[PDB]
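Following: one structure in structure tokens, then a few remarks.
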Amino acid sequence: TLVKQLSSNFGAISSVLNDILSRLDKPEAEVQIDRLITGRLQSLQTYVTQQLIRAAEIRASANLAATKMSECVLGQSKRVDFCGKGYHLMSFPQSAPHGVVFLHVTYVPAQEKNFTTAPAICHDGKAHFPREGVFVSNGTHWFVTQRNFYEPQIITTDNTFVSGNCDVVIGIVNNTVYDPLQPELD
Amino acid sequence: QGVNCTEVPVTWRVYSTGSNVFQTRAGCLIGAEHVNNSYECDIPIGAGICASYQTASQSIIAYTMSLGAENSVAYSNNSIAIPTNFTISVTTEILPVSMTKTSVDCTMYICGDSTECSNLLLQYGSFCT
Amino acid sequence: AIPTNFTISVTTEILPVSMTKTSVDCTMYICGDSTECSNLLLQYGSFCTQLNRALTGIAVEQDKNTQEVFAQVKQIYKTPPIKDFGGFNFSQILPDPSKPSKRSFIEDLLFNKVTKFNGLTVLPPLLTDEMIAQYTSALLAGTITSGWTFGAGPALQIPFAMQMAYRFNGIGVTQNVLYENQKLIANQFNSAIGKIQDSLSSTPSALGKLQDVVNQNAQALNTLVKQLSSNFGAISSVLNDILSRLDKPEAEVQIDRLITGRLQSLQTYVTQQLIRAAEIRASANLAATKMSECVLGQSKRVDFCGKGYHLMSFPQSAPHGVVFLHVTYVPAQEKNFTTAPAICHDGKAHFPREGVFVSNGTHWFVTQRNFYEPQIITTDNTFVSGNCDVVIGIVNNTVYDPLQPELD
Ligand SMILES: CC(=O)N[C@@H]1[C@@H](O)[C@H](O)[C@@H](CO)O[C@H]1O
Ligand SMILES: CC(=O)N[C@@H]1[C@@H](O)[C@H](O)[C@@H](CO)O[C@H]1O
Ligand SMILES: CC(=O)N[C@@H]1[C@@H](O)[C@H](O)[C@@H](CO)O[C@H]1O
Ligand SMILES: CC(=O)N[C@@H]1[C@@H](O)[C@H](O)[C@@H](CO)O[C@H]1O
Ligand SMILES: CC(=O)N[C@@H]1[C@@H](O)[C@H](O)[C@@H](CO)O[C@H]1O
Ligand SMILES: CC(=O)N[C@@H]1[C@@H](O)[C@H](O)[C@@H](CO)O[C@H]1O
Ligand SMILES: CC(=O)N[C@@H]1[C@@H](O)[C@H](O)[C@@H](CO)O[C@H]1O
Ligand SMILES: CC(=O)N[C@@H]1[C@@H](O)[C@H](O)[C@@H](CO)O[C@H]1O
Ligand SMILES: CC(=O)N[C@@H]1[C@@H](O)[C@H](O)[C@@H](CO)O[C@H]1O
Ligand SMILES: CC(=O)N[C@@H]1[C@@H](O)[C@H](O)[C@@H](CO)O[C@H]1O
Ligand SMILES: CC(=O)N[C@@H]1[C@@H](O)[C@H](O)[C@@H](CO)O[C@H]1O
Ligand SMILES: CC(=O)N[C@@H]1[C@@H](O)[C@H](O)[C@@H](CO)O[C@H]1O
Ligand SMILES: *[C@@H]1O[C@H](CO)[C@@H](O)[C@H](O)[C@H]1NC(C)=O
């Protein structure tokens, strides 16, 4: 666009300076030239202004790319959807002609099952809460499992902690919590 | 755009015909067949209206777009869903980092080799700088 | 100092997302329907084309901005017909099904508080207010019924009270604190929402950030139109008056002066719109970031999304932007306790596990930071490393071994 503007002839008799100078006696040529200078100077100013604005767009992108490099390649980000959909594990950069390409490796949950749950287990009047897991049931037995992957464990005193009584908890269920030392102590 | 279907008489007037005329908030749409079936956004028109080519006998249709499949979570006070498996997904994210670096000799652009022109460009002070 | 109580605070964050999709017909603005003026305008090359493209590009971005902020959910999730979230009432932020155009109560307020052309036209957005409301309600339904799981992959249902318990763990406060205070927490939450209604309705500047965008664009156009009457060094600002009065060779001079002035005025307008568009785009990028990190998950970034420790965020639509209701945990009613980095017992240095040692003046306990729930100091909530002669602030006490009485 910038180059083509040179042929515009911005109100002048000709877009070509040599034709203006050849055809005219000079006093008029200066006027015809001023018209071309004004238009051509305006064209450069237009070009540069747009380049400054576009440069800002790229700068912002580069700052984002640099941020991603630091947080997704040189570490493991916990920012949701910052480094791909799913739970971020790692990423690998690849170069590109005028930019960077990130390959984001994420963990995505699949094949969920529906379990019955509860906030706590009532054992001998004590409210047992899970440690780093959730209480689930298959309709019969209750188990405790890590929230993000079904891997049911027996509910024991090593998988829970005790706070208060069982009257305060809204949806507590009755069950037995196993003490691993019971068969060794008695 | 912004034109009522009452206007646009039946350069060219080939596509000013009737039958296939649909009034949208975006303007008068001619040549597309409006349907009551929603679909994903294809060619956006505006105000929820999109168009697509349906091969339905290989013709352009207009519709109100769907925002995605409907779903309902089986929520209860005692039901939890837990994944038993997982997949490792790899996605690609593309970001631009830099532009082509250019510079322009303002005198060469404006005046070139014309001395009679470069002597007038001096009257514009520092603009070139 | 350790908190003994807490409050649930809900605050509003207002962000612009998009501008009115304004477009200007360069040729018409400058020349109207004058043939002579149009022919002269052609002598200025591509300037007209560039201006038309610049404004077109902005309009496209305005839809892109909206799409990135709101369309972050693959499916449109609905809430159950029976709303039971453990005492938490979301009826003021969820759509009212009896009125099939809503736009929940809070959204309804936002849309009420915010408040003949020459080549100048306005295009509608691709996403209508109803569609935005549907995306927003989908996000709320997901957030409420499946926590953040729907933002990672499949939506996995979970009881709301349990969801909150997980969000408390993210604060550093043990689950039992929520379950033993569930009624209190739900009540504080519900009251906080009621306060939002009054805050938005009462304060006229609450949505100023959105109104400012509207006002700036309105001024830009009012200015652009007024420039048509400037008469930039011509006998008349009206092209028809020039053409009806002067002969060709003289009219051209007067017209060229108006073309230069009007073209310059339009270029000025467009340049500013590109700069303003960049500001709005940056805002949209921030809003989209917050949507992902505050609504589709639990952010750990300080003061990123409300003061206090982040729990939840509930999006609400607005005319040209998004409103976030940030729910945070704020510590309250702290007490002064005596502390120590370690306890000396039988020459051993005992350090706390995920807690702090405190004293009430006579007895030492292990407490939870950000809440205060003193436990007996035992081998189950402490660990041993090194001897007692290294730690500077170490105090002498007894660590209870819970197995001792089982054996003896
Ligand atoms: C993944 C799945 O099947 N979830 C089912 C749901 O489809 C059904 O509507 C609901 C009521 O029976 O029970 C859930 O466990
Ligand atoms: C309803 C059901 O599946 N119950 C089974 C039970 O029969 C089995 O003995 C136990 C083994 O841990 O696991 C439970 O989930
Ligand atoms: C933990 C919990 O709230 N369980 C509720 C129970 O309180 C309620 O009485 C019943 C309907 O009558 O529905 C259950 O899901
Ligand atoms: C959910 C449940 O089983 N609750 C039982 C309650 O029915 C019983 O009456 C009480 C002993 O009197 O012990 C509770 O654990
Ligand atoms: C100027 C004009 O034609 N306005 C039309 C009106 O005549 C028509 O009855 C109405 C139907 O919705 O739509 C308006 O845009
Ligand atoms: C909801 C609705 O109005 N559906 C009608 C459909 O019953 C009719 O067969 C069709 C004819 O083209 O037009 C649709 O708009
Ligand atoms: C426990 C289980 O079902 N694992 C399945 C495996 O059997 C299957 O062959 C594979 C295919 O990708 O996907 C895994 O999640
Ligand atoms: C232990 C304690 O003081 N809890 C107070 C409660 O008594 C008070 O009613 C409520 C505000 O209504 O704020 C809680 O922090
Ligand atoms: C502040 C608040 O949430 N008030 C709601 C009220 O508008 C609603 O009608 C009622 C229905 O149970 O539940 C209350 O919690
Ligand atoms: C939470 C608390 O008790 N703060 C008190 C403070 O009010 C008092 O001015 C200062 C001097 O005695 O001692 C602090 O422990
Ligand atoms: C943690 C600790 O060691 N605090 C002691 C403080 O009790 C004592 O009063 C002060 C000297 O006056 O020296 C500090 O190092
Ligand atoms: C300031 C102080 O009381 N220091 C005593 C130290 O003299 C004693 O030897 C040790 C037990 O061996 O217990 C420390 O608390
Ligand atoms: C410290 O807590 C214990 C708890 O049993 C209590 O008996 C004791 O009186 C308290 N001391 C002070 C100074 O409050």
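The numbers used for chain B are those of Swiss-Prot, and the residues that appear cover 613-622, 632-676, 688-761, in sequence.
The header says electron microscopy, 3.1 Å.
The backbone N, Cα and C atoms fix where each Cβ goes, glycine too.
Per Swiss-Prot, the features are as follows:
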DISULFID  B:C617-B:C649  disulfide bond
DISULFID  B:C662-B:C671  disulfide bond
DISULFID  B:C738-B:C760  disulfide bond
DISULFID  B:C743-B:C749  disulfide bond
CARBOHYD  B:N616  N-linked glycosylation site
CARBOHYD  B:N657  N-linked glycosylation site
CARBOHYD  B:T676  O-linked glycosylation site
CARBOHYD  B:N709  N-linked glycosylation site
CARBOHYD  B:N717  N-linked glycosylation site
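Shown here: features listed in Swiss-Prot, placed on the structure.
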residue : record                      : Cβ contacts under 8 Å, 6 or more apart
B:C617  : disulfide bond              : B:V642, B:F643, B:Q644, B:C649
B:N657  : N-linked glycosylation site : B:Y695
B:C662  : disulfide bond              : B:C671, B:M697
B:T676  : O-linked glycosylation site : B:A688, B:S689, B:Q690
B:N709  : N-linked glycosylation site : none
B:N717  : N-linked glycosylation site : none
B:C743  : disulfide bond              : B:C749, B:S750, B:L753
Give the number of CB atoms, excluding that of B:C749 (disulfide bond) itself, located within 10 Å of its CB.
-> 23
Neighbour tally for B:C671 (disulfide bond), based on other Cβ positions within 10 Å of its Cβ | 20
Of B:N616, B:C649, B:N657, B:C662, B:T676, the recorded positions whose C-beta sits under 8 angstroms from some chain A C-beta are none
State the count of C-beta atoms found within 10 angstroms of the C-beta of B:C760 (disulfide bond), not counting that atom itself.
-> 15
Contacting chain C at Cβ under 8 Å, from the recorded positions B:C649, B:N657, B:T676, B:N709, B:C738, are B:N709
Rounded to an integer, what is the Cα-Cα distance in Å between B:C760 (disulfide bond) and B:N616 (N-linked glycosylation site)?
-> 49
For B:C749 (disulfide bond), what is the secondary structure by DSSP, using just helix, strand and coil?
-> helix
Which same-chain residues, if any, lie at least 6 apart from B:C738 (disulfide bond) yet have Cβ under 8 Å of it | B:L753, B:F759, B:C760
Which three-state DSSP class does B:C649 (disulfide bond) fall into?
-> strand
